[PDB]
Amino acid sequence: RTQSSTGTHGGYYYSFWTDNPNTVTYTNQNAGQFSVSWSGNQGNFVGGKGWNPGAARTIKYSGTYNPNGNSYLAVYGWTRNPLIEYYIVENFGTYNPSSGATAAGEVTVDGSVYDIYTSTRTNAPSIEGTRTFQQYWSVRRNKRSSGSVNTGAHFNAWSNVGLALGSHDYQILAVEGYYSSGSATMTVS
């Protein structure tokens, strides 16, 4: 029992995925706004709004993030040629989502140091099906729930660690939860 909802709403790309539709409700709202509520400490979900294709852009986000347990708030996206999955993690709960990734330095931008990591996913699900691909992570030290993200600064930092990002696929400001509860409303511009 899985559910994936993607498209364009309010003039923005949106994406919402869950493996337990009964414990999470995603609401597409006006312009770049979305809400999510999750409850029952059951299921994995990721959802939010942004762009497809992504770019080196400034992502402004404003809202309220009220998690309880394992959850994060991140700019999240993909490239192809090469296939890359990336995360700019602005806030997280009781689990650091980069756990197990390899430390790869620091970038200071938008009012915080971010710790950089890289990792490899082997024979794993992706936007292209089962693939082996690289991940990049920037994890914000100064956790926050509103601000602006200079994605180009991160992309540049990652390009000084390993292979560079490819041609952009989707790019969203996402809320994720894993067997937890919470709610959030975010507006992306």
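Numbers follow the displayed sequence, beginning with 1.
Mean CA temperature factor is higher for 124-132 when stretches 147-155 and 124-132 are set side by side in the entry. For the segment pair 5-13 and 169-177, the entry gives 5-13 the higher mean B-factor, averaged over Cα atoms.
The residue among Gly105, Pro82, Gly93, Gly77 whose C-alpha atom has the highest B-factor in the PDB entry is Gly93. Take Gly162, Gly50, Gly40, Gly63 and read off each C-alpha B-factor from the entry; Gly40 has the highest. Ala55: CA B factor in the middle third of modelled residues in this chain (values from the PDB entry). Among the modelled residues of its chain, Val46 has a C-alpha B-factor that falls in the middle third according to the deposited record. Sort the modelled residues of the chain by CA B factor and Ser119 lands in the middle third. Sorting the modelled residues of the chain by their CA temperature factor places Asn30 in the highest third.
Looking at the C-alpha B-factors along this chain, the one for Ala101 belongs to the highest third.
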